[PDB]
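Before any questions on how it binds or moves, here is one chain, the form deposited in one PDB entry, in structure tokens.
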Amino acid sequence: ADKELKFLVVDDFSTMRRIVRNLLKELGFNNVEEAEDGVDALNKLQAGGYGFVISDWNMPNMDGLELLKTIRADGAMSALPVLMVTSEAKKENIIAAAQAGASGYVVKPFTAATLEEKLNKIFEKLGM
């Protein structure tokens, strides 16, 4: 994928954002911004430029399922890749997110290999 692709990484806790930012760096993506909830995220996204979203689920103000839904229902960003990265591991949660249009779904805790594999699966599916 284009190493200039701009990422938005969303989670209400810094620890996970920091893990993801560093992994993306390892992979060669340095264009990376962070948000703390779904509202914060939409704000940054509306500022334009983003090519990929990685997002947590449980967050105040707007959770990640709502953020995913919002993104997919906006005409300007409806096809934006959205990778869920979350502690929610129940099959019903995965169904809900998949049905809502998730590009992928990774369960915390995750290894560096898992994140890289799931990211690449999305690249390949979208011809990126």
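One rule holds for the numbers: they count along the sequence shown, beginning at 1.
The form solved in complex with a partner chain exists for this protein as well; it is not shown, and the discussion that follows is about that form.
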Counting only heavy atoms and a 4.5 Å cut-off, does the partner chain in the bound PDB entry sit next to every one of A89, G104 and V107? yes
According to a 4.5 angstroms non-hydrogen atom cut-off, is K121 in contact with the partner chain in the bound PDB entry? yes
Any of the heavy atoms of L80 lying within 4.5 Å of the partner chain in the bound PDB entry? no
Contact flag, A47 vs the partner chain in the bound PDB entry, heavy atom cut 4.5 Å: no
Contact with the partner chain in the bound PDB entry for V39, defined as at least one heavy atom pair within 4.5 Å: yes or no? no
